[PDB]
Amino acid sequence: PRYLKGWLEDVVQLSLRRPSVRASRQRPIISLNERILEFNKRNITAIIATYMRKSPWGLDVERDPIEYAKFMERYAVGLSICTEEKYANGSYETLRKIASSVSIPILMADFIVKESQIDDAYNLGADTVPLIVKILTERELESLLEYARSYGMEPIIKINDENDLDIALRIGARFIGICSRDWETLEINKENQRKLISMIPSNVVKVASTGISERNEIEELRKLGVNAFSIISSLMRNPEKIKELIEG
């Protein structure tokens with residue numbers, strides 16, 4: 001991985017040591033980026049709902065992952081499930097159980113740093129993984145993009161700045177996540193996020209990560225060409241906020 005300090009240093013070292021699983025995939029791959037494009041055509045607001053016990057940008061919530069998942073299956077364009085252990089208290093088993101219970105696309109939200117983690121995602125029933133430009137060398141990044149693709153997965157490439165973006169385009173990303181949050185300094189910059197978005201080809205499927213609380217925020221970003229929205233904390237706390245976000 002890249003030259004890292006902070007908690008990112010430690011979580012990348014943790015991820016390197018993640019034991020791989022032996023499990024058989026049940027479901028077929030349900031493409032997340034494709035369902036986004038389907039939601040755009042149908043003119044339904046495409047919201048990616050996240051399940052995450054713990055974060056550094058909010059408070060821990062303990063809730064039933066199955067009741068959450070089944071509720072979101074009615075509204076969300078896809079489901080992100082944090083599987084990172086130390087800082088999110090997430091789990092491979094929770095992923096497997098949610099995947100087995102719902103028929104919407106599933107993102108395995110983790111720090112993907114090695115091939116076997118993509119093996120894990122696949123074997124547990126996830127449809128895609130994120131790849132984080134900040135964290136991986138351009139070489140690692142290209143390699144894991146191809147490796148995921150060999151399974152029929154299209155990873156979402158997560159960018160934060162002009163350099164991340166350029167590199168994402170350079171490796172040929174078709175599915176980009178634009179984060180407003182700097183992860184080391186934790187600071188949200190929406191002006192930066194909008195600039196990044198304006199600089200991405202119209203045919204890349206673009207996901208804006210949540211400085212997103214309002215419908216008219218969604219709408220402004222829809223106008224700017226954003227395809228889907230990732231909204232983590234507020235849906236973990238108040239799952240019903242999602243319907244008010246898809247509808248008036």
# chains A, B, ... in the order shown; residues from 1 in each chain; ligands from 1
$ residues_around --residues "segment 17-28 of chain A" --least-positions-apart "4" --cutoff "8 Å" --atoms "only C-alpha atoms" --output "ChimeraX atom specification"
/A:13,100,116-117,119-120,122-125
$ write_last_selection --atoms "N, CA, C and O atoms" --output "PDB file, in the first residue's frame"
ATOM      1  N   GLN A  13      -2.603  -2.252   7.729  1.00  0.00           N
ATOM      2  CA  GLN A  13      -1.806  -3.348   8.272  1.00  0.00           C
ATOM      3  C   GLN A  13      -2.695  -4.463   8.811  1.00  0.00           C
ATOM      4  O   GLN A  13      -2.384  -5.637   8.653  1.00  0.00           O
ATOM      5  N   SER A 100     -27.614 -13.269   1.921  1.00  0.00           N
ATOM      6  CA  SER A 100     -28.531 -14.418   1.827  1.00  0.00           C
ATOM      7  C   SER A 100     -30.010 -14.044   1.956  1.00  0.00           C
ATOM      8  O   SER A 100     -30.886 -14.842   1.628  1.00  0.00           O
ATOM      9  N   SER A 116      -7.187 -11.810  -1.881  1.00  0.00           N
ATOM     10  CA  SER A 116      -8.020 -12.730  -1.099  1.00  0.00           C
ATOM     11  C   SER A 116      -9.247 -12.069  -0.481  1.00  0.00           C
ATOM     12  O   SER A 116     -10.258 -12.738  -0.294  1.00  0.00           O
ATOM     13  N   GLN A 117      -9.161 -10.768  -0.181  1.00  0.00           N
ATOM     14  CA  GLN A 117     -10.319  -9.982   0.277  1.00  0.00           C
ATOM     15  C   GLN A 117     -11.414  -9.880  -0.790  1.00  0.00           C
ATOM     16  O   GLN A 117     -12.609  -9.872  -0.473  1.00  0.00           O
ATOM     17  N   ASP A 119     -11.679 -12.257  -3.098  1.00  0.00           N
ATOM     18  CA  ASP A 119     -12.147 -13.657  -2.979  1.00  0.00           C
ATOM     19  C   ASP A 119     -13.207 -13.785  -1.889  1.00  0.00           C
ATOM     20  O   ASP A 119     -14.262 -14.386  -2.118  1.00  0.00           O
ATOM     21  N   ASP A 120     -12.912 -13.222  -0.716  1.00  0.00           N
ATOM     22  CA  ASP A 120     -13.864 -13.146   0.416  1.00  0.00           C
ATOM     23  C   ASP A 120     -15.178 -12.483   0.050  1.00  0.00           C
ATOM     24  O   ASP A 120     -16.240 -13.074   0.253  1.00  0.00           O
ATOM     25  N   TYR A 122     -16.518 -12.027  -2.814  1.00  0.00           N
ATOM     26  CA  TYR A 122     -17.197 -12.860  -3.778  1.00  0.00           C
ATOM     27  C   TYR A 122     -17.831 -14.087  -3.130  1.00  0.00           C
ATOM     28  O   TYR A 122     -19.004 -14.379  -3.372  1.00  0.00           O
ATOM     29  N   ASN A 123     -17.045 -14.797  -2.321  1.00  0.00           N
ATOM     30  CA  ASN A 123     -17.500 -16.022  -1.676  1.00  0.00           C
ATOM     31  C   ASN A 123     -18.610 -15.811  -0.649  1.00  0.00           C
ATOM     32  O   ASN A 123     -19.360 -16.747  -0.357  1.00  0.00           O
ATOM     33  N   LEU A 124     -18.703 -14.588  -0.109  1.00  0.00           N
ATOM     34  CA  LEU A 124     -19.716 -14.246   0.905  1.00  0.00           C
ATOM     35  C   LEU A 124     -20.993 -13.690   0.297  1.00  0.00           C
ATOM     36  O   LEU A 124     -22.009 -13.594   0.965  1.00  0.00           O
ATOM     37  N   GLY A 125     -20.941 -13.336  -0.979  1.00  0.00           N
ATOM     38  CA  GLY A 125     -22.129 -12.920  -1.715  1.00  0.00           C
ATOM     39  C   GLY A 125     -22.215 -11.444  -2.059  1.00  0.00           C
ATOM     40  O   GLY A 125     -23.262 -10.978  -2.528  1.00  0.00           O
TER      41      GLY A 125
END
$ residues_around --residues "residue 3 of chain A" --least-positions-apart "2" --cutoff "12 Å" --atoms "only C-alpha atoms" --output "count of residues only"
13
$ closest_residue --among "A:55, A:90, A:2, A:179" --to "residue 138 of chain A" --atoms "only C-alpha atoms"
A:2
$ residues_around --residues "segment 56-64 of chain A" --least-positions-apart "6" --cutoff "9 Å" --atoms "only C-alpha atoms" --output "list in words"
residues 87, 88, 186, 233, 236 and 237 of chain A
$ closest_residue --among "A:51, A:15, A:45, A:162" --to "residue 248 of chain A" --atoms "only C-alpha atoms"
A:45
$ residues_around --residues "segment 216-221 of chain A" --least-positions-apart "4" --cutoff "9 Å" --atoms "only C-alpha atoms" --output "PyMOL selection string"
chain A and resi 45+194+197+208+211-212+225-229+245
$ atom_distance --atom1 "atom CA of residue 231 of chain A" --atom2 "atom CA of residue 81 of chain A"
12.3 Å
$ select_by_dssp --residues "segment 33-78 of chain A" --states "alpha helix (DSSP H)" --output "list in words"
residues 33, 34, 35, 36, 37, 38, 39, 40, 41, 65, 66, 67, 68, 69, 70, 71 and 72 of chain A
$ residues_around --residues "residue 246 of chain A" --least-positions-apart "3" --cutoff "9 Å" --atoms "only C-alpha atoms" --output "tab-separated table (two decimals) with C-alpha atoms, in the first residue's frame"
chain	number	residue	atom	x	y	z
A	44	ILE	CA	-36.00	7.02	-9.04
A	45	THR	CA	-33.54	8.60	-6.61
A	46	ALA	CA	-30.72	6.05	-6.26
A	47	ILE	CA	-29.62	5.92	-2.59
A	75	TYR	CA	-36.00	1.73	-1.12
A	76	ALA	CA	-32.19	1.64	-1.50
A	215	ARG	CA	-33.78	16.22	-1.21
A	242	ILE	CA	-34.65	7.32	3.08
A	243	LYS	CA	-38.26	7.43	1.79
$ closest_residue --among "A:54, A:70, A:42, A:174" --to "residue 158 of chain A" --atoms "only C-alpha atoms"
A:174
$ atom_distance --atom1 "atom CA of residue 66 of chain A" --atom2 "atom CA of residue 154 of chain A"
25.4 Å
$ closest_residue --among "A:153, A:171, A:176, A:159" --to "residue 31 of chain A" --atoms "only C-alpha atoms"
A:153
$ atom_distance --atom1 "atom CA of residue 53 of chain A" --atom2 "atom CA of residue 128 of chain A"
20.2 Å
$ select_by_dssp --residues "segment 2-212 of chain A" --states "strand (DSSP E or B)" --output "VMD selection string"
chain A and resid 47 to 51 78 to 82 106 to 109 128 130 to 132 156 to 159 175 to 178 181 188 205 to 209
$ write_last_selection --atoms "N, CA, C and O atoms" --output "tab-separated table (two decimals), in the first residue's frame"
chain	number	residue	atom	x	y	z
A	47	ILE	N	-30.30	5.73	-3.87
A	47	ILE	CA	-29.62	5.92	-2.59
A	47	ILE	C	-28.95	4.63	-2.16
A	47	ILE	O	-29.60	3.58	-2.10
A	48	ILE	N	-27.65	4.69	-1.87
A	48	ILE	CA	-26.94	3.53	-1.33
A	48	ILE	C	-26.98	3.63	0.18
A	48	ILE	O	-26.46	4.59	0.76
A	49	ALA	N	-27.62	2.65	0.82
A	49	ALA	CA	-27.73	2.62	2.28
A	49	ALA	C	-26.60	1.80	2.90
A	49	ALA	O	-26.23	0.74	2.39
A	50	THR	N	-26.04	2.31	3.99
A	50	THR	CA	-24.92	1.64	4.64
A	50	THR	C	-25.34	1.03	5.97
A	50	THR	O	-26.09	1.64	6.74
A	51	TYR	N	-24.87	-0.18	6.22
A	51	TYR	CA	-24.93	-0.74	7.54
A	51	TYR	C	-23.54	-0.71	8.17
A	51	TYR	O	-22.59	-1.32	7.66
A	78	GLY	N	-28.81	0.01	-3.45
A	78	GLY	CA	-27.88	-1.05	-3.09
A	78	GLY	C	-27.54	-0.92	-1.63
A	78	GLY	O	-27.91	0.07	-0.99
A	79	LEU	N	-26.84	-1.92	-1.09
A	79	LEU	CA	-26.52	-1.91	0.35
A	79	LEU	C	-25.04	-2.04	0.54
A	79	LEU	O	-24.41	-2.94	-0.01
A	80	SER	N	-24.49	-1.14	1.34
A	80	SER	CA	-23.10	-1.18	1.72
A	80	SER	C	-23.04	-1.80	3.11
A	80	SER	O	-23.79	-1.38	3.99
A	81	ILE	N	-22.20	-2.81	3.31
A	81	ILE	CA	-22.06	-3.43	4.62
A	81	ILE	C	-20.61	-3.37	5.04
A	81	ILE	O	-19.76	-3.95	4.37
A	82	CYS	N	-20.32	-2.65	6.13
A	82	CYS	CA	-18.97	-2.57	6.63
A	82	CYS	C	-18.60	-3.90	7.24
A	82	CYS	O	-19.33	-4.44	8.08
A	106	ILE	N	-25.11	-5.66	-3.33
A	106	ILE	CA	-24.41	-5.50	-2.08
A	106	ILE	C	-22.97	-5.05	-2.30
A	106	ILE	O	-22.22	-5.66	-3.06
A	107	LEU	N	-22.59	-3.98	-1.61
A	107	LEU	CA	-21.20	-3.55	-1.56
A	107	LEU	C	-20.58	-3.99	-0.24
A	107	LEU	O	-21.15	-3.78	0.83
A	108	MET	N	-19.41	-4.61	-0.32
A	108	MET	CA	-18.67	-4.97	0.89
A	108	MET	C	-17.76	-3.80	1.22
A	108	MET	O	-16.77	-3.57	0.52
A	109	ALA	N	-18.11	-3.04	2.26
A	109	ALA	CA	-17.36	-1.83	2.61
A	109	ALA	C	-16.17	-2.18	3.51
A	109	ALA	O	-16.37	-2.49	4.68
A	128	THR	N	-19.83	-6.17	-5.26
A	128	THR	CA	-18.72	-5.27	-5.51
A	128	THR	C	-18.00	-4.83	-4.22
A	128	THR	O	-18.50	-5.03	-3.11
A	130	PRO	N	-15.10	-1.54	-2.71
A	130	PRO	CA	-14.45	-0.28	-3.05
A	130	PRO	C	-12.93	-0.44	-3.18
A	130	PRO	O	-12.33	-1.28	-2.51
A	131	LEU	N	-12.35	0.37	-4.05
A	131	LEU	CA	-10.90	0.52	-4.11
A	131	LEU	C	-10.53	1.96	-3.81
A	131	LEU	O	-11.06	2.88	-4.41
A	132	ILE	N	-9.62	2.12	-2.85
A	132	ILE	CA	-9.31	3.43	-2.29
A	132	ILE	C	-7.96	3.91	-2.78
A	132	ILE	O	-6.92	3.38	-2.38
A	156	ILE	N	-16.02	0.14	-7.15
A	156	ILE	CA	-16.16	1.58	-7.10
A	156	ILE	C	-14.83	2.13	-6.63
A	156	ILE	O	-14.27	1.70	-5.60
A	157	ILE	N	-14.30	3.06	-7.42
A	157	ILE	CA	-13.03	3.69	-7.09
A	157	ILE	C	-13.33	4.96	-6.28
A	157	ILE	O	-14.03	5.86	-6.77
A	158	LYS	N	-12.79	5.01	-5.06
A	158	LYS	CA	-13.10	6.07	-4.10
A	158	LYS	C	-12.02	7.14	-4.11
A	158	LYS	O	-10.86	6.87	-3.78
A	159	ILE	N	-12.42	8.35	-4.49
A	159	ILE	CA	-11.48	9.45	-4.66
A	159	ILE	C	-11.83	10.59	-3.72
A	159	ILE	O	-12.96	10.67	-3.24
A	175	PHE	N	-16.77	3.50	-12.43
A	175	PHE	CA	-17.64	3.57	-11.28
A	175	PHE	C	-16.85	4.32	-10.21
A	175	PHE	O	-15.92	3.76	-9.62
A	176	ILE	N	-17.17	5.59	-10.01
A	176	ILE	CA	-16.38	6.41	-9.07
A	176	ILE	C	-17.20	6.89	-7.86
A	176	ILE	O	-18.35	7.32	-7.99
A	177	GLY	N	-16.59	6.80	-6.68
A	177	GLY	CA	-17.12	7.42	-5.47
A	177	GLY	C	-16.38	8.69	-5.11
A	177	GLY	O	-15.16	8.67	-4.86
A	178	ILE	N	-17.10	9.81	-5.11
A	178	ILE	CA	-16.53	11.11	-4.74
A	178	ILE	C	-16.90	11.40	-3.27
A	178	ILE	O	-18.07	11.67	-2.95
A	181	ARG	N	-15.49	13.97	2.50
A	181	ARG	CA	-14.73	13.90	3.74
A	181	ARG	C	-13.27	13.52	3.47
A	181	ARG	O	-12.99	12.47	2.88
A	188	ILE	N	-15.12	17.83	6.08
A	188	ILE	CA	-16.00	17.86	4.91
A	188	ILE	C	-15.75	19.12	4.08
A	188	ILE	O	-15.78	20.23	4.62
A	205	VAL	N	-20.14	6.17	-13.92
A	205	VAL	CA	-21.21	6.20	-12.90
A	205	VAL	C	-20.63	6.84	-11.63
A	205	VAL	O	-19.66	6.36	-11.07
A	206	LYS	N	-21.21	7.97	-11.23
A	206	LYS	CA	-20.67	8.81	-10.15
A	206	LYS	C	-21.52	8.69	-8.89
A	206	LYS	O	-22.73	8.88	-8.94
A	207	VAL	N	-20.88	8.37	-7.77
A	207	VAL	CA	-21.58	8.36	-6.47
A	207	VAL	C	-21.03	9.46	-5.53
A	207	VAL	O	-19.83	9.49	-5.21
A	208	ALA	N	-21.91	10.37	-5.11
A	208	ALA	CA	-21.56	11.37	-4.10
A	208	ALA	C	-21.78	10.83	-2.70
A	208	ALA	O	-22.87	10.34	-2.39
A	209	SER	N	-20.74	10.93	-1.86
A	209	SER	CA	-20.75	10.52	-0.44
A	209	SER	C	-21.09	11.61	0.54
A	209	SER	O	-20.53	12.70	0.49
$ closest_residue --among "A:32, A:168, A:204, A:196" --to "residue 180 of chain A" --atoms "only C-alpha atoms"
A:196
$ closest_residue --among "A:139, A:170, A:241, A:190" --to "residue 213 of chain A" --atoms "only C-alpha atoms"
A:241
$ decode --residues "segment 4-19 of chain A" --atoms "N, CA and C atoms" --output "compact mmCIF listing (two decimals), in the first residue's frame"
# COMPACT_ATOMS: atom_id res chain seq x y z
N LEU A 4 1.76 5.48 4.46
CA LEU A 4 0.64 5.87 5.32
C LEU A 4 1.04 6.13 6.77
N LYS A 5 0.35 7.09 7.39
CA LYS A 5 0.42 7.30 8.83
C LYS A 5 -1.00 7.33 9.40
N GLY A 6 -1.11 7.50 10.72
CA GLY A 6 -2.41 7.63 11.39
C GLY A 6 -3.11 6.31 11.63
N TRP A 7 -4.44 6.38 11.72
CA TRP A 7 -5.27 5.18 11.87
C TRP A 7 -5.32 4.37 10.56
N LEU A 8 -5.24 5.06 9.43
CA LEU A 8 -5.16 4.46 8.09
C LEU A 8 -3.98 3.52 7.92
N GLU A 9 -2.82 3.94 8.41
CA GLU A 9 -1.64 3.07 8.54
C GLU A 9 -2.01 1.71 9.16
N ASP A 10 -2.65 1.78 10.32
CA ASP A 10 -2.94 0.63 11.17
C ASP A 10 -4.04 -0.26 10.60
N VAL A 11 -5.03 0.37 9.97
CA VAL A 11 -6.14 -0.40 9.43
C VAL A 11 -5.72 -1.17 8.16
N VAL A 12 -4.79 -0.59 7.40
CA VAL A 12 -4.20 -1.21 6.22
C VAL A 12 -3.33 -2.41 6.63
N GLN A 13 -2.60 -2.25 7.73
CA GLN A 13 -1.81 -3.35 8.27
C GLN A 13 -2.70 -4.46 8.81
N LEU A 14 -3.80 -4.08 9.44
CA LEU A 14 -4.82 -5.03 9.89
C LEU A 14 -5.42 -5.84 8.72
N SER A 15 -5.73 -5.13 7.63
CA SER A 15 -6.41 -5.72 6.49
C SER A 15 -5.52 -6.72 5.76
N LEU A 16 -4.23 -6.39 5.68
CA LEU A 16 -3.21 -7.30 5.13
C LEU A 16 -3.22 -8.68 5.79
N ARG A 17 -3.58 -8.71 7.07
CA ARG A 17 -3.55 -9.94 7.84
C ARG A 17 -4.90 -10.65 7.95
N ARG A 18 -5.92 -10.12 7.27
CA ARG A 18 -7.29 -10.68 7.34
C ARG A 18 -7.31 -12.11 6.82
N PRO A 19 -7.74 -13.07 7.67
CA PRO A 19 -7.79 -14.43 7.15
C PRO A 19 -8.85 -14.55 6.06
